[PDB]
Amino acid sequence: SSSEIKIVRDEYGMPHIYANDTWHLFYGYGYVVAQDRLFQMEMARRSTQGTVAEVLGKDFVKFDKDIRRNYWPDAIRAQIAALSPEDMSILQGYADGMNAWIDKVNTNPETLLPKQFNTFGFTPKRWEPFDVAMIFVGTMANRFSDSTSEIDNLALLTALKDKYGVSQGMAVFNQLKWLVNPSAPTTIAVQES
């Protein structure tokens, strides 16, 4: 069947999802993630959207403000809205899968609720496609592809010019923060390109 989602766990607990369509396949994935890593995922959702002070307090206000100032939520929603129904299924399947398991947990918290929700004094909320997308955006795009120190570099360069004068300040800048160095060991050999 098309309604059927079979979940097989191996000797390490690693889940394997058997499904006939995209929505059912990502629903299965979403479901096991909510089983295995709900507190982690929940904290990862608040970290990537800047909503930690709500449950954790005063100490995270600066963190929350810094996260919100580094993205444009509306630009992310517009990319979601432009997806094709097959692409959209991935994200919707996933959020739906998670929600299915959050509903049972929230229904039977005396045995299903992750101990840390009790510790931290809050409970899990339902997910939407925007939340799934933000997990990737916040931990892959901001943590590994958002690197610059240009303002700082300018500050440094300005200090080298008041020390060595204008032309000298610039040549020292090139010695400390060169653009390229032809002796750098490379992944692609020079014969290749």
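From 1 onward, residues are counted along the sequence shown. Rigid core here is just the name for the largest C-alpha set that superposes within 1.5 Å across the two forms.
After a core fit, the C-alpha atoms in 8 other deposited structures of this protein lie farther on average from the shown form in one of 137 to 145 and 47 to 55, namely 137 to 145. The stretch 101 to 109 shows the higher mean C-alpha B-factor when 101 to 109 is compared against 69 to 77 in the entry.
Stretch comparison (165 to 173 versus 5 to 13) by mean CA B-factor in the PDB entry places 165 to 173 on top.
Of the candidates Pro124, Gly50, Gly30, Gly138, the PDB record gives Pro124 the highest C-alpha temperature factor. Across the residues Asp146, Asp59, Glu150, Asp36, the deposited record lists the maximum Cα B factor for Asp59.
Per the deposited record, the Cα B-factor of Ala155 falls in the middle third when ranked against the other modelled residues of its chain. In the deposited entry, the Cα temperature factor of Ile188 places it in the lowest third of its chain's modelled residues. For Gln92, the recorded CA B-factor ranks within the lowest third of the chain. Only modelled residues enter the ranking.
In the PDB entry, a CA B factor belonging to the lowest third of its chain's modelled residues is recorded for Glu42.
Per-chain ranking of the deposited C-alpha B factor places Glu54 in the highest third.
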